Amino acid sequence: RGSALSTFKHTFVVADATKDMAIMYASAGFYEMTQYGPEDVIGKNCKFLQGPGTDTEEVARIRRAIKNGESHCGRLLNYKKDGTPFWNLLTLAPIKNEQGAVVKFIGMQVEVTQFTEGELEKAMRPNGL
C-alpha cells in the first residue's frame, strides 16, 4: 500500500529536488531497515545503499523517472550498514507545489522477505477466526 503515511510505521525517505536529491528526511523504519543513523543519512544521496550487483539498468530507470518527475517502482539490491545485502522494492513519487513544479521526491522502500502460504491464507480469510 502507501502511495495515512506514518513516520513511525512506514519506511521512507524524502529528497530535496532543490539540493541534487539529497535526503532531507528519513523515517524510523528507514534507520531500522538500513541500520544507518541520521548522522550518516541526512544530506546524502540514497545511492550509498547501492553496491556489488546493483542493477545498472534499474538505476537508469530510476534516474529517468526522477528527471521526468514521474512516479516509479523497481527492485534494487541494496546494502545495510553491516554489509548485509537486501532486495529493496523502491517506490518513488514526485511532490509538487501549486506552480506544478517538483520540489521533493518521496521514496518508500520495502525489504523483500518470504511470504508463506500460512500468512497469505490469514490475509485472504475475511475474519479473525
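The first residue of the shown sequence is 1; numbering continues from there.
Novice: If you count the residues of the deposited sequence that sit between residue 3 and residue 4 but have no coordinates, do you get none, 1 to 3, 4 to 9, or 10 or more?
Specialist: According to the record, 1 to 3 deposited residues lack coordinates from residue 3 to residue 4.
Novice: Would 49 to 57 or 98 to 106 have the larger average of its C-alpha temperature factors, as given in the entry?
Specialist: Higher mean C-alpha B-factor in the PDB entry: 98 to 106.
Novice: If you rank the chain by CA B-factor, which third does residue 71 end up in: lowest, middle or highest?
Specialist: It belongs to the middle third of the chain when residues are ordered by C-alpha B-factor.
Novice: Divide the modelled residues of the chain into thirds by Cα B-factor and specify which third, lowest, middle or highest, holds residue 14.
Specialist: Tercile = lowest for this residue's CA B-factor.
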